[PDB]
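Shown next as C-alpha cells: one chain only, the form deposited in one PDB entry.
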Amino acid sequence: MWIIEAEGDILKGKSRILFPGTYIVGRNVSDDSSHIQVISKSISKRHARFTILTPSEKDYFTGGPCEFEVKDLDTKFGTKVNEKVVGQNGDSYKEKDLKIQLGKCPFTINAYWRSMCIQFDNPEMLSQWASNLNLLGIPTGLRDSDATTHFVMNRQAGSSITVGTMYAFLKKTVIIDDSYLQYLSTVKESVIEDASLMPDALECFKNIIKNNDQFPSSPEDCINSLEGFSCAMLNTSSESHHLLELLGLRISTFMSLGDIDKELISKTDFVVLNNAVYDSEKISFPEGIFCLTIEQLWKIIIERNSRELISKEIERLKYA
C-alpha cells in the first residue's frame, strides 16, 4: 500500500493511504477519494495528479509496489520526483520510496510502499476476493511467496482447520479471515484520509486464536516439539511436508501402502496417511505401526504432552 506523509503542517500531520486510482493535488481542492489538499502557498491551485495502478501478478512474489505515476498540471514552477523534474508526459515509478516536490514548496510529499501481500487458503475464497483486493492495491495468491504478510484462513466454522492454516500458523504468519477483508472495504474512504485508521490485522489474528481449541497456545511451543521421531507419508501436499518438518519430524515419502517394508517400519515411528487411505482401508493396514491423519496429529500437537502422547501410543501398539 502506498502511504504519503509530509513534514510541517502541509498534510495536516496525517499520513494518507493512496489506494489505486487518481488524485488531484493542490491548495484549492478538498480531501476526497480523488483529491488531496496540500496546505501551502506557493503550490498551485491544482498542482499535480498522482495515479496509482493496480498490482501486477508478479507483485505477489516480489513485494514490489503498485505503479505510481506523477503528472505536473501545467504549473508555474513544476514538479520533481526524487530530484528529477517531471516531463510534460508525466513519469511513473516502481521504487518503494518517492520524494515529491511541488513547485517552490520545500516540504516534500514523501510516498513509501508498505508491504501487504495476502495468501488465500483456497481458490474459492481467492475468487471471491481477488478483484476487491486488487482495487485496494493488495496482491493476492495461493502459491507460497516470500513477500506474504497475511494468510486468509478458511473459516468454515464447522470442521478442523486446513493444513495450510496450520502451516501458516507455525510460520508465524499473521492469520486473518473473511470479516477482516470485509471490514477493510467498509472503512476504505477514512483510511485514504488518515492512514492510522487502517484496520489492525494483528487484532483479528488475536481474536481468532483466543479460546480456540483448533490452535495451540503458541506457534513457538510446537516448533521442534517432535524432533527425534521419524514418520512415513504419502505423495500429497508439500505444505503437509513443510509442516511436519517444522515440528521437527524426519519424513519418508511412499507411493503405495504396499511400499511399507520391514525396512521402512524399522526406520519409522509412525505413519501419516491421507484422509482417503485412512477412512476406507481395512485389511491392508500395517500391523505393528501407528497410523494417523494430519488432523489427528495436529490435535496431539495442541495438547501439552505431545511427545509422551505419541510415545504412549507407539508402545500401546507394539504389543498387539
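Throughout, we count residues from 1 along the sequence that is shown. Rigid core here is just the name for the largest C-alpha set that superposes within 1.5 Å across the two forms.
Note that the form deposited with a partner chain bound isn't included here; everything after this is about it.
A heavy atom within 4.5 Å of its partner chain in the deposited bound form is found for one listed residue only; from 104, 94, 99, 84, this is 104.
None of 272, 52, 36, 43 but one reaches within 4.5 angstroms of its partner chain in the deposited bound form through a heavy atom, and that residue is 43. Interface membership of residue 215, defined by any non-hydrogen atom within 4.5 Å of its partner chain in the deposited bound form, is ruled out.
Its partner chain in the deposited bound form comes within 4.5 Å of no heavy atom belonging to residue 112. Heavy atoms of residue 172 never reach within 4.5 Å of its partner chain in the deposited bound form, leaving it off the interface.
Taking the partner from the other structure, its partner chain in the deposited bound form has a heavy atom within 4.5 Å of a heavy atom of residue 76.
Comment: 76-84 is the region of 188-196, 203-211, 116-124, 76-84 lying near its partner chain in the deposited bound form, near meaning a non-hydrogen atom within 4.5 Å. For the set 100, 105, 138, 231, a Cα shift of at least 2 angstroms between this form and the one not shown, after rigid core superposition, holds for 231 and for no other residue. Once the rigid core is overlaid between this form and the one not shown, residue 213 counts among the residues whose Cα shifts by 2 Å or more.
Once the rigid core is used as the reference frame, the Cα position of residue 80 differs between this form and the one not shown by less than 2 Å. In a rigid-core overlay of the protein, residue 154 has its C-alpha displaced by under 2 Å between this form and the one not shown. Between residue 130 and residue 197, the C-alpha separation shrinks by 3 Å or more in the deposited bound form, relative to the conformation displayed. Distance between the C-alpha atoms of residue 197 and residue 154: shorter by at least 3 Å in the deposited bound form than in the displayed form.
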